[PDB]
């Protein structure tokens, strides 16, 4: 296991270890398709009473997350069985899935929630969470089965299984003011602020409304739940796109929020509001073991430094999972799991405080990225991305490495290495933008490899990509491209110990002409022990057509 170490186990419904009398979808890479949008690009379709998928626990479990697709505008159930005995019902719904666009307007992915004439549905999968009153042992047969009264049809994509500890009590009621049936989050924080013996607030097991942005000020604040399966912060679900969560004022730098879940009411992307945590320039804040869904982002840092995001679960958001921008340095984004983000799952955007520096994105998992990349780094200096797992990108690379400025004021990459070290990227890449007049055309889109190295309008230099396994990328393993006419010379771009397995087109693509008016790459890159295995067409494309780009084959290359 590369990536996050999480207490839950993921099993694909379509796994060959699972008996089923339903319909296993043949894989594809199509957005807007129940196979293309599934984890592992396949799911099991249950379509008649009595159809099931039978999972086998490989670890003890009392709790489950079922990723699934149901019809638009429906809510209902699907049944769970343990060793042949019915044990309850998942609450399944398309309330948060189904976002509408057209193949030529994928720029709108995530923004537009209503069906319409000529619109195609995307973002088809969503999740149902269920805890059972018993810990079932490894080897237990857990059956997801469509019974009478359950939904008319359901695509079963994957199952999380987890052995959840009992909820933790208030660590000390004389130091943590408890949220109660009669005392709100806001009221407990007021009592906390006015009593200097309090370290913070404790939010018990339950469902607690967050209908506002809850401001943390006065001093560093501890916000402690009972555990993410127990303490549920819930945005009013009869409202939609309510900007709720926490806002950490500078006075509350050094705060900690942990051991709770937060359930937003966003049903489409909104730019501006919608981050669960607002923390304008916050420092030394710790966000740990929380589980957030249906917000625009978990957090969007702006000159936020020395913070720690650890052990979190970020699922089904409408834009980025975590992004750190405009000077955000020396942060610890460690051991977080992301599935179903609406833009770059984990991103670092360096702008203006010359650069984002000294950040460490470690032990990160980012799957089912419904737009943009699993991991993305835009400029910066001395930033480490280490032990990553990315898989199943709908429209973009597993890893984007870009010195494009997006019109903002940035210097690009700095004089110290941006390092990608230890990464597994399964079925990443996709289609986006347009390729009018493009060389190497296969469709109406630009086509993206597992890792995109993009020289934009700013310096593209000091990039180290090592110890990377790239499995069945949609199109390419590595994709190098320079934006014209800037033609920034790539320097100190090095690739070491990389395996690219069964790319449909090429192991490595030097983009010659992305679209009309665009040219080949400038500079070069070195390759050491880079193996390309079974490319659909050839190992490398574009070398003879890129006369300003020098491929250096140091050693160990089978191409």
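Residue numbers count along the first chain shown, from 1.
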From residue 352 on to residue 353, does the model leave out none, 1 to 3, 4 to 9, or 10 or more residues of the deposited sequence?
1 to 3
Per the record, averaged over C-alpha atoms, which has the higher B-factor: 224-232 or 301-309?
301-309
As stated in the PDB record, which stretch has the larger average Cα B-factor, 186-194 or 89-97?
186-194
Looking only at 156, 451, 114, 260, the Cα with the top B-factor belongs to 114
When the CA B-factors of 400, 134, 387, 163 are compared as recorded in the entry, which is the largest?
134
Residue 39 - Cα temperature factor, lowest/middle/highest third of chain
lowest
Going by the recorded CA B-factors, say which third of the chain residue 481 sits in, lowest, middle or highest.
highest
Is residue 10 in the lowest, middle or highest third of its chain when residues are ranked by C-alpha B-factor?
middle
Going by what the PDB entry lists, where does residue 342 fall on CA B-factor within its chain: lowest, middle or highest third?
lowest
Would you mind ranking residue 67 by its C-alpha B-factor against the rest of the chain and naming the third, lowest, middle or highest?
lowest
